[PDB]
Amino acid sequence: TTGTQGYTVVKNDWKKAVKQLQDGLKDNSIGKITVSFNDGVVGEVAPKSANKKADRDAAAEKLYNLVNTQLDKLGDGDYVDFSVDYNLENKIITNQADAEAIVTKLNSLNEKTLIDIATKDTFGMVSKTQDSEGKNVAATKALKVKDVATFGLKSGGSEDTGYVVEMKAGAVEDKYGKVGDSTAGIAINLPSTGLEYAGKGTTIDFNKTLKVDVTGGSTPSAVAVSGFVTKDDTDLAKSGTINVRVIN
């Protein structure tokens, strides 16, 4: 069947499996777990309201007690099935600290140079106001990360709802060109998408994030700086249902 993900783990390793089905509830990736004994359904676990930390925690602890004992002495040739309905798009960052750390990692890129001050031979940042002769002038500063964007938590984040890391485009007057050139430099396209990071089973790819892209090679036509670019955490499909069977 299209989209069946199977996992099967040993009795001696259940403590950790349940743990991580718990964290999946607590961080909001798991919407529902149907649990079965050999294999007649015993019950379903789910937060009564999913936008609430208390409920997610209650649901996790509910999952423990439900299977705690049955697995603790899982008979020979027996099993407990977890039909895990999940959607990684709902996964959230639960503690502010973990969000703040991402912000600070971003701020640790602030002084990084994206594009050099222009020369007469080499494209770079030129001022936006041409000299008296109508020729571009070098800029006062290089284009640095901190000129392109500012970093922080989106307002109104909570343990309930999750914390979001946000970048706000800066404003750049300076342009992209060669010093001494008659033609005005071109404007830097700043990040206008990828402005937020909320987890969602991804992580920020810092090789592709806040990256400059110049197009046109010998004859530049556009310059852009990317916002957040992320990569997936696992090989898991983004949403669906995995069966996790526990046997001995």
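Numbering starts at 1 and follows the sequence shown.
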Output the stretch having the higher mean C-alpha B factor in the entry; the candidates are 122-130 and 67-75.
-> 67-75
Would you mind comparing 76-84 and 173-181 for me and telling me which has the higher average C-alpha temperature factor in the entry?
-> 76-84
The residue of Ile33, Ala187, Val212, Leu195 with the maximal C-alpha B-factor according to the PDB record is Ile33
Taking the entry's C-alpha B-factors for this chain, is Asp39 in the lowest, middle or highest third?
-> highest
Place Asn28 in the lowest, middle or highest third of its chain's C-alpha B-factors, as listed in the PDB entry.
-> lowest
Of the three thirds of Cα B-factor ranks in this chain, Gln22 occupies the lowest
For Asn12, the third of its chain by CA B-factor is the highest
Split the chain's modelled residues into thirds by Cα B-factor; is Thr161 in the lowest, middle or highest one?
-> middle
